[PDB]
Trainee: 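The structure that follows is given in the form of structure tokens.
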Amino acid sequence: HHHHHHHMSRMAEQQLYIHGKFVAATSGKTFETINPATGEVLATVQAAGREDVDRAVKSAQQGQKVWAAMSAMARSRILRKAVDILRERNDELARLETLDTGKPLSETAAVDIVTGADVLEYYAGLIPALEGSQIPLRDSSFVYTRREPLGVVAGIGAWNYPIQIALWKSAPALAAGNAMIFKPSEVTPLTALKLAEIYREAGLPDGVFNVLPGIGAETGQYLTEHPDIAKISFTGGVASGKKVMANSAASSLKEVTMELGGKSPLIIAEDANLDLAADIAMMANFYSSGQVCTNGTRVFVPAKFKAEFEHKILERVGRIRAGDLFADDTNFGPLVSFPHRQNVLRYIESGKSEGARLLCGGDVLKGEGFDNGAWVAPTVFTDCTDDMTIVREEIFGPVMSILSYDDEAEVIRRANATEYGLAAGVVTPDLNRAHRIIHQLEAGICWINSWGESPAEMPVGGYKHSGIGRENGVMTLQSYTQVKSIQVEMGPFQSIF
Amino acid sequence: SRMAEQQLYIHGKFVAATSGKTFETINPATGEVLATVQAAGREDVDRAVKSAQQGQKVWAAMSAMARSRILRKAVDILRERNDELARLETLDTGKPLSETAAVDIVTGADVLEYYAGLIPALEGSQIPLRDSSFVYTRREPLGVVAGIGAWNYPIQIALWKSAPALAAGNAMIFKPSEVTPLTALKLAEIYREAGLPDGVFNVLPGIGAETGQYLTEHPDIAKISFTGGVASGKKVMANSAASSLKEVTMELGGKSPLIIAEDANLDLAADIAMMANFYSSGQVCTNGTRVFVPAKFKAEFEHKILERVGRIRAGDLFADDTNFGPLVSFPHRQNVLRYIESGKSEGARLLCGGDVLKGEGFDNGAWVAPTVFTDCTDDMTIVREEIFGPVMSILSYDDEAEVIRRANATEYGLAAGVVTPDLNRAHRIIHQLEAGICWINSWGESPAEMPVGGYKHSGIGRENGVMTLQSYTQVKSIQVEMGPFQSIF
Ligand SMILES: NC(=O)c1ccc[n+]([C@@H]2O[C@H](COP(=O)([O-])OP(=O)(O)OC[C@H]3O[C@@H](n4cnc5c(N)ncnc54)[C@H](O)[C@@H]3O)[C@@H](O)[C@H]2O)c1
Ligand SMILES: NC(=O)c1ccc[n+]([C@@H]2O[C@H](COP(=O)([O-])OP(=O)(O)OC[C@H]3O[C@@H](n4cnc5c(N)ncnc54)[C@H](O)[C@@H]3O)[C@@H](O)[C@H]2O)c1
Ligand SMILES: [Ca+2]
Ligand SMILES: [Ca+2]
């Protein structure tokens, strides 16, 4: 059964969002966002120029002062109103996210906005608990501290969880009393513009959340260079993260936090149930079509279990349902873009070339309704070794690498023998093995007998080359403030002169 | 006589460098060479990092209280050797013994003692999600970190950087200023005598653009803590950004305002301004070098400043009564003198000083007289730029809103202060100032408990306080899932 008559016309040209309204860019620059399931253009999108960025900062400086002068509970109520709107519009926002990203609606309608709103809801309730300290020195003197807003901060987003990233960056920044200028990925700009409208409808003062689509090397760099931005929070690849660090270091002194992906290990212990292990390995590799920074893409399996484990993976890969992204039963989508597919395919070819055994997948999906999409089959390599390119490098597609191991000390060494350090996990029913292995792994995000859950309360970020700083949890609210120490000297000051 | 040629400190002992590079540290009171000092080369730095990697593992495997006791032993030694260390600091820096013997080691050891006691309180958290799952976090050491020190408070900076780093379970490689490398080497020996494991505190003298750069570029250093000027701080930020991903914290000086309120007692205000400008001969990063005085009080305030400047006692740096020294080096004196000449050339009125000290016993040292400019305006070079010498700029003002604006009209933001007996004025002014370190009716006290660092271009991050101990750990989040994991595939 063929499915045609599905032309979707273009959206309106997308503008910038500055100071509570859409405004035309003055860059002379536009770019297109493409539906990765069909190749059709979703919208032409305007890119913010240097003067547009400067106006956005001045808008943010003005809005931040209004926002910071409110009470803590007034701020809490406005962010909760935005949460309420996000819950009401979940399905509509999820459909837009599916169009822009290629992720199944079964994901976007249950995870992306749900968990993005979860984090905003969490920080909204913590605003009144944000406190300084008081330190007695002696009867005649004491110190108190204030946690003051930084001012105007910049968030730079990635294309795999667009609205979730926008919410996870903006929520602590705004709750700490800052304004944020958010630069979405040029691959997926659309839901960030919706979020800005929602924030306005909730009562957020004009300028406190401005959204600037544009190209990383242009708009993004204009932001990192601006002298009045106090902090940058970046999600994306290592290459662009290094440009952001370098450009920010060359400009006004600012703090930079970063989440840069990884090559996270999944350690299947010698006492693990292999159905559970296989279920975890599937969720650690093929959710959002393998486009998750925390994926467990090095799956370490005991040699004695490798043959059986491979069969359990093949059985579950055979259940994956690629298809209509709006269909209830679809759980696998195209990649986010055709250029990204080309890169993933180059990684797959290196796996073949370097002698890994192809267990399944390894090609594009074919036939009517896949031929127009950026699809890559769910792919598993086995007989992998630690020197292979597919094992060493983040692929960001549906490519699992199975590595066999002999003993626990060995697998810990190998799990840690990476420049990366984002996530890790272990499958074992044993109390001592679970905690003792996890305590030795050099990663910031660790799952035991699970994968992927990221509660609002739980700080997440990378060790080593996978990141600086954390997101979520109480600590991240604090990191969007700066400490002022104040000493009150009530005794007579003694000069030596 | 000259000291013995100074070597690197790596893995619990002094070791000859392999750079082919030496430099001289000069006694700024005499111009004489104190010592020839070896500089660490690129291969020396790599050996220091491997030593620190080995030592950090021993250190971090000890119990918390075992680490506390060793740092407390070092405190005990520092208290006992206070005067000897102070005398060496005075030779290397030119600061009077009346300062070094009362402040530098005393407050450096205060911060080490503070953090030693806090190690056992460093905790993670636990977060219940539901009956079948919970999260817990660990605060883990970073590994090997680097501190890069400045020349005005050499051993105090070495202790304020190493104390939280070591207390959190890290090893630190410390790079002292090439102007003042001597007390950091003494500190390294003291830590070993206290029982610090070999490699946990290594000291690499050398030139900033060589040794300093090799450290900031090394792939296995997890964090850089830097104190110094803006220009060198920018180089450190850029070189670190081009190298391994690492966090960098920085304290970079300021042009801090002291606001004298219209209801202030002017004797108190003059006393605070003197202490905010002429301690350590003006070589303190938090100095209140823009002194804002109500127009109605300016004449009387100047008389009171002149009276107290007239009392300053420059002389024998080991005499009890001396309270003013030469500057740290002859190159630094030249730069301060250029600032003084610009204040003259731009039309500021010289109230006092403005020249070198002269005569027997001053002619051979890097002395600049305590200097005060008045009739200053906000566009003047001496008002806009950090001098790091004994140069006060007096600026008159008319109203409270104006002085708040002008106080904040700087790229800097390290410290600030206000002098006022009024409750509302004191707190309301301070809450509006864009600075990290704020003093009411005082200046310069920096308790171990109090976090200190800069706003805006004066810094990133904080030192001292509970938060700095936490800042030398990294958070690992661990989810324990006890229910049956659900896969959608
Ligand atoms: N969650 C993550 O950590 C994550 C997300 C997406 C991609 N990645 C990785 O990054 C790789 C490359 O992806 P990509 O090139 O499509 O994304 P990218 O990493 O270049 O994009 C991330 C963001 O950075 C911006 N950016 C890029 N260059 C910039 C610059 N010079 N200054 C400022 N901002 C700049 C982009 O516009 C976008 O907003 C992917 O293949 C994947 O491995 C990681
Ligand atoms: N407490 C402070 O913030 C402080 C201290 C001293 C000087 N200063 C300011 O800085 C000005 C310049 O002083 P300076 O040049 O004699 O000191 P600096 O700021 O250059 O030196 C500080 C430290 O930085 C190191 N350093 C320099 N270049 C480096 C590099 N490329 N990589 C790594 N480390 C490097 C130096 O070796 C030294 O250890 C002074 O006039 C004063 O205004 C501020
Ligand atoms: Ca798109
Ligand atoms: Ca010297």
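Labels below follow one simple rule: chain letters A, B, ... track the order of the sequence lines, proteins then strands, and each chain is numbered from 1.
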Trainee: Using a strict cut-off of less than 4.0 Å between a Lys/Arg side-chain nitrogen and an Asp/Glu carboxylate oxygen, indicate whether A/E349 and A/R346 qualify as a salt bridge.
Mentor: no

Trainee: Are more than 12 heavy atoms from other residues, nucleotides or ligands located less than 6.0 Å from atom NZ of A/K21?
Mentor: no

Trainee: Taking salt bridge (charged side-chain N to carboxylate O under 4.0 Å, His left out) as the cut-off, I'd like each qualifying pair that reaches into residues 174-193 of chain A, sequence neighbours left out, listed once.
Mentor: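 The answer is A/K183-A/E186.
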
Trainee: Is NZ or CZ of B/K235 both nearer than 6.0 Å to the six-membered ring centre of B/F226 and within 45° of the ring axis?
Mentor: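 Pair B/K235/B/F226 does not count as cation-pi.
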
Trainee: Any donor-acceptor pair under 3.5 Å linking the side chain of A/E259 with the backbone of A/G261?
Mentor: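 Such a contact is found between A/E259 side chain and A/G261 backbone.
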
Trainee: Would you find more than 12 non-hydrogen atoms of other residues, nucleotides or ligands less than 6.0 Å from A/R50 atom CZ?
Mentor: yes

Trainee: When rounded to the nearest 0.5 angstrom, what distance separates OG in B/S243 from CD in B/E217?
Mentor: 5.0 Å

Trainee: Look only at the side chain of A/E471 and the backbone of A/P459, and say whether a donor-acceptor pair between them is shorter than 3.5 Å.
Mentor: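 Here the side-chain-to-backbone pair does not exist.
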
Trainee: Tell me whether A/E393 contacts the main-chain N or O of A/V391 through its side chain, where contact means a donor paired with an acceptor under 3.5 Å.
Mentor: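 Flag not set: sc A/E393 to bb A/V391 has no pair under 3.5 Å.
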
Trainee: Salt bridge or not between A/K231 and A/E255? Use side-chain N to carboxylate O under 4.0 Å.
Mentor: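 Salt bridge flag = yes for A/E255 with A/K231.
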
Trainee: Could you tell me if A/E354 and A/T389 have a donor-acceptor pair between their side chains, going purely by distance under 3.5 Å?
Mentor: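 The answer is yes; a qualifying pair exists.
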
Trainee: Is any side-chain heavy atom of A/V111 less than 4.5 Å from a side-chain heavy atom of A/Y161?
Mentor: yes

Trainee: For B/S244 and A/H465, does a side-chain donor sit closer than 3.5 Å to a side-chain acceptor?
Mentor: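 B/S244 vs A/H465: donor-acceptor pair found between side chains.
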
Trainee: More than 12 heavy atoms of other residues, nucleotides or ligands under 6.0 Å from CD of A/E13: yes or no?
Mentor: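 Counting other residues, nucleotides and ligands, CD of A/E13 exceeds 12 neighbours.
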
Trainee: Would you please say whether a donor-acceptor pair under 3.5 Å links the side chains of A/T26 and A/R55?
Mentor: yes

Trainee: Tell me, do A/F182 and A/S170 make a side-chain contact under 4.5 Å, heavy atoms counted?
Mentor: no

Trainee: Closer than 4.0 angstrom, basic N to acidic O: yes or no for A/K58 and A/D54?
Mentor: yes

Trainee: Using a strict cut-off of less than 4.0 Å between a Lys/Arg side-chain nitrogen and an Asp/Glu carboxylate oxygen, indicate whether A/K263 and A/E419 qualify as a salt bridge.
Mentor: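 Not counted as a salt bridge, because no side-chain N and carboxylate O are separated by less than 4.0 Å.
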
Trainee: Over 60° means perpendicular and under 30° means parallel, so classify the ring planes of A/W375 and A/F370, tilted if in between.
Mentor: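 Perpendicular.
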
Trainee: For the backbone of A/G262 and the side chain of A/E394, can you confirm whether one donor and one acceptor N or O come within less than 3.5 Å of each other?
Mentor: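 Yes, A/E394 side chain to A/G262 backbone: donor-acceptor pair under 3.5 Å.
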
Trainee: Establish, from distance only, whether the side-chain atoms of A/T33 and A/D100 form a donor-acceptor pair under 3.5 Å.
Mentor: yes

Trainee: Using a cut-off of 6.0 Å, state whether more than 12 heavy atoms not belonging to A/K194 lie near its atom NZ.
Mentor: no

Trainee: Are there more than 12 heavy atoms of other residues, nucleotides or ligands under 6.0 Å from atom CZ of A/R89?
Mentor: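 Atom CZ in A/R89 is packed in, count exceeds 12.
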
Trainee: I'd like to check A/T379 versus A/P398 (side-chain heavy atoms, cut-off strictly below 4.5 Å). Are they in contact?
Mentor: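 A/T379 does not reach A/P398 side chain to side chain.
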
Trainee: Inspect the contact between A/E32 and A/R10 and indicate whether a charged nitrogen and a carboxylate oxygen are less than 4.0 angstrom apart.
Mentor: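 Yes, A/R10 and A/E32 are salt-bridged.
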
Trainee: Are A/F286 and A/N295 packed together at the side-chain level, in the sense that at least one heavy-atom pair is separated by less than 4.5 angstrom?
Mentor: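 When only atoms from C-beta onward are counted, A/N295 and A/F286 do not touch, as no gap falls below 4.5 Å.
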
Trainee: What I'd like to find out is whether the side chain of A/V153 reaches to under 4.5 Å of the side chain of A/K169, using heavy atoms alone.
Mentor: no

Trainee: Report yes or no: do A/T188 and A/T101 form a side-chain donor-acceptor pair below 3.5 Å?
Mentor: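 Side chains of A/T188 and A/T101: no pair found under 3.5 Å.
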
Trainee: Using modelled atom types and a 3.5 Å cut-off, is there a donor and acceptor pairing between side-chain atoms of A/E107 and backbone atoms of A/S288?
Mentor: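 Here the side-chain-to-backbone pair exists.
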
